[PDB]
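# Tertiary structure, described
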Amino acid sequence: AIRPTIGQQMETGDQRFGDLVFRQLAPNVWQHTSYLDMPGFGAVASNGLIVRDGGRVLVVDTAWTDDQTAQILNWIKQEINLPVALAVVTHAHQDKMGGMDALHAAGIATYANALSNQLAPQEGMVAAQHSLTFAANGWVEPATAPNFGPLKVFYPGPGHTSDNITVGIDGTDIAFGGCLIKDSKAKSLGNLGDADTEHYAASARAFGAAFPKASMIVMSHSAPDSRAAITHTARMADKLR
Ligand SMILES: CC1(C)S[C@H]([C@H](NC(=O)[C@H](N)c2ccccc2)C(=O)O)N[C@H]1C(=O)O
Ligand SMILES: [Mn+2]
Ligand SMILES: [Mn+2]
Ligand SMILES: [Mn+2]
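Residues numbered from 1 in each chain as written, not as in the entry; some residues may be left out. Chains lettered and ligands numbered in written order. Heavy atoms only, no water.

Looking at the entry header, you'll see X-ray crystallography listed as the method and 1.498 Å as the resolution.

This is the structure we're talking about:
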């Protein structure tokens with residue numbers, strides 16, 4: 001078993017594949033987990049999603065590294081055996097965009113918030129090949145998200161970072177909050193170094209309101225949780241103002 005310093009531990013049902021862990025969340029949704037070994041600190045787990053949409057697969061977030069991301073693609077090849085149509089990455093930090101090069105090498109179309117793409121070079125990341133833009137209420141402009149199938153992308157406002165986006169999985173009760181949302185028992189909001197402390201609470205609540213019927217909330221650094229992850233995150237964020 002992989003036993004990270006930060007992130008959910010392994011439980012029955014989890015599948016180890018190389019350096020990664022996969023968990024099935026729904027008949028057509030899996031969580032991918034990759035681990036950054038921080039020298040002297042141990043492993044930091046990061047989670048994304050894999051969604052089957054008929055004869056194709058859609059990915060949310062890379063792994064920390066290109067090699068780990070290539071392993072995700074290998075797992076998809078083995079277990080699903082369908083092509084990856086596109087990937088969405090949820091902001092311009094290593095845990096979410098560290099593996100862009102592996103996606104590009106594989107010929108997978110990549111999408112991110114326009115702002116994430118603009119920040120990427122300043123964060124030592126490679127930009128996605130396509131930019132998503134958003135309405136004044138946070139919903140993605142549909143023309144910028146062509147053929148996204150069940151992925152419903154929502155920009156909740158600045159929180160964990162100014163560019164953080166979130167993704168609901170239509171046809172399921174799952175929504176993905178990325179690094180914006182922390183678990184219902186969290187002691188902290190993680191790294192606030194790039195955070196908007198004024199708007200964080202409202203942004204967390206906006207995510208909840210965008211996907212009001214989602215009962216399983218997936219996030220970057222803990223196991224899937226209830227909507228209490230959203231409300232607890234917002235309550236922690238209320239204290240920052
Ligand atoms: C897990 C984190 C505390 S670190 C990660 C991210 N940081 C990185 O991706 C850095 N490249 C990094 C540097 C040293 C050790 C780990 C990550 C961030 O600052 O939001 N996301 C944070 C978070 O989601 O709260
Ligand atoms: Mn981050
Ligand atoms: Mn993170
Ligand atoms: Mn402001």
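What follows picks up the thread again.
Further remarks concern the sheet that holds strand β4 (residues 42–53). Strand pairing within a sheet occurs via backbone hydrogen bonds; the two strands may be parallel or antiparallel. If you walk across this open sheet you meet the eight strands as β1-β2-β3-β4-β5-β6-β7-β8, and the pairing is mixed. Each having just a single partner strand, β1 (15–17) and β8 (130–132) make up the two edges of the open sheet. Pairs of neighbouring strands in the sheet enclose a mean axial angle of 25°, with direction left out of account. Alignment of strand β7 (residues 109–113) against β8, held across three bridges, turns out to be parallel. Paired with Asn113 across the strands is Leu132, a residue of β8. Each of β1, β2 (20–26), β3 (29–38), β4, β5 (56–60) and β6 (84–89) touches helix α1 (residues 66–79); the most contacted strand, β1, lies at about 120° to it. (Pairing = 2+ DSSP bridges. Helix = DSSP H or I, 4+ residues; strand = E, 2+ residues; numbered from the N terminus. Axes fitted to C-alpha atoms, helices over the stretch in contact; angles between N-to-C directions. Contact = heavy atoms within 4.5 Å.)

Moving on: helix α5 (residues 200–210). Every buried residue of α5 is accounted for by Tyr200, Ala201, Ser203, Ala204, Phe207, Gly208 and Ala210. The elements touched by buried residues of α5 are β9 (151–154), β10 (166–169), β11 (174–176), β12 (216–218) and α6 (228–238). (Buried < 20%, exposed > 50% of the residue type's maximum accessible area, 1.4 Å probe, protein only.)

The next thing to look at is the pattern of salt bridges. Opposite charge on two side chains makes pairing possible when the charged atoms of those side chains draw close. Scanning the entire structure with this criterion turns up four salt bridges. We note a salt bridge from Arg23 to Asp14, for which the minimum N-O separation is 2.9 Å. On the basis of relative accessibility, which here comes to 26%, the residue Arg23 falls in the partly exposed class. For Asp53, the salt bridge is made with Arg56, and the minimal N-O distance between the two is 2.9 Å. On the accessibility criterion, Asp53 (26% relative accessible area) is partly exposed. (Salt bridge = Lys/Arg side-chain N within 4 Å of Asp/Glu carboxyl O.)

So, about the nonpolar core. Within the largest apolar cluster, 24 residues are counted, with the highest numbers of intra-cluster contacts made by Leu132, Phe148 and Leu151. Among the elements of the structure, β2, β4, β5, β6, β9, β10 and β11 are those that each provide at least two residues to this core. With residues up to four places along the chain from it excluded, the contact list for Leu132 reads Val88, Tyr111, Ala112, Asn113, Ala114, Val140, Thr144, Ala145, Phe148, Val153 and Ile165. Counting 20 residues, the second largest nonpolar core, distinct from the first, contains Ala175, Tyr200, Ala210 and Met219. (Core = buried A, V, L, I, M, F, W, Y, C linked by side-chain atoms within 4.5 Å.)

A word on the site of ligand 1. Taken together, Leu36, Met38, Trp64, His93, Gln94, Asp95, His160, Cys179, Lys182, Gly190, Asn191 and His221 make up the full set of residues adjacent to ligand 1. The contact in question runs from a nitrogen atom of ligand 1 to an N or O atom on the side chain of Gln94, over 3.0 Å. Between ligand 1 and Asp95, the relevant distance is 3.3 Å, taken from a nitrogen atom to a side-chain nitrogen or oxygen of the residue. Contact with the protein chains covers 72% of the free accessible surface of ligand 1, which is 540 Å². Class assignment for the residues of the shell around ligand 1 results in four nonpolar, six polar and two charged. (Near = heavy atom within 4 Å. Polar contact = N/O pair within 3.5 Å; in protein donor to acceptor, adjacent residues only side chain to side chain. Areas by Shrake-Rupley, 256 points an atom, 1.4 Å probe, with all protein chains shown as cover. Nonpolar A, V, L, I, M, F, W, Y, C, P; charged D, E, K, R; others polar.)

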